[PDB]
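> quick one, fold the following:
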Amino acid sequence: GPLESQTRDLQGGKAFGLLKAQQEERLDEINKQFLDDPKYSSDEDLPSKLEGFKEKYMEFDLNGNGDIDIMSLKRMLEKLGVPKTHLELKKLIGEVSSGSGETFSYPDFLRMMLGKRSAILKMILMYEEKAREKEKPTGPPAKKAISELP
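Numbers count the residues shown, from 1 in each chain. Take a look:
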């Protein structure tokens, strides 16, 4: 749709608008846990793509769970000018999420890339293989609570 101009909306509160900020810790946790997993602790390109994906994952909106739907993912392509059909996005994400279909998670995307390939989105992700080397200490908000469904 119409997304070309960068509207600089600025958040500033405590938690809601700070999703993009707070999630970095989580992203670094997830990279590190896969990086230091004995299976993946072998490839030099391995930590690189972890950070590359980390860089790119946060380029999306990142919902309340740090998740990305077929909507937020397509927000990227429409902003960048590259058009695709929703059926394609849903196919790609439905590959990663397997049963969900419309929303994927950061570790699942890594399961798919680090496994071998299943979702074509790996191709576009690793096409622009830009990385960094950042680190942020594992700060996990446990928040273990019993959420009973009415």
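> all helices for the protein, in order.
19-35, 45-57, 70-80, 86-96, 106-115, 121-127 (DSSP state H).
> state the distance from the most centrally placed residue in the chain to residue 107.
For the chain, the residue nearest the mean C-alpha position is residue 57 (3.4 Å; Cα atoms, centre = their mean). Look at residue 57 and residue 107: by Cβ to Cβ, to the nearest Å, they are 11 Å apart. Yep, even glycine has a C-beta here, placed from its N, CA and C like the rest.
> now residue 131
Residue 131 sits 18 Å away from residue 107, going by Cβ to Cβ.
> check residue 92 too.
Plainly put, residue 92 is 17 Å away from residue 107 if you go by Cβ to Cβ.
> same question, residue 42
19 Å.
> of those two, who's got more company?
residue 107 (15 against 8; other Cβ atoms under 10 Å).
> what's near enough to touch the closest residue to the more buried one other than its chain neighbours?
Nearest residue to residue 107, sequence neighbours excluded (Cβ to Cβ, 6 or more residues apart in numbering): residue 30, at 5.7 Å. Going by Cβ atoms under 8 Å, 6 or more residues apart in numbering, residue 30 touches 106-107, 110.
> cool, residue 24 as well?
Contacts of residue 24 were listed using Cβ under 8 Å, 6+ apart, and they are 58, 136.
> residue 35 now?
So residue 35 contacts 41, 46-47, 50 (Cβ under 8 Å, 6+ apart).
> the closest residue in space to residue 2 that isn't next to it in sequence: how many residues sit nearby?
Leaving aside its chain neighbours, residue 2 sits nearest to residue 78 (8.0 Å; criterion: Cβ to Cβ, 6+ apart). Per other Cβ under 10 Å, the neighbour tally for residue 78 reads 14.
> thought residue 78 was touching residue 1?
Yes - counting by Cβ atoms under 8 Å, residue 78 does reach residue 1; the two are 5.5 Å apart.
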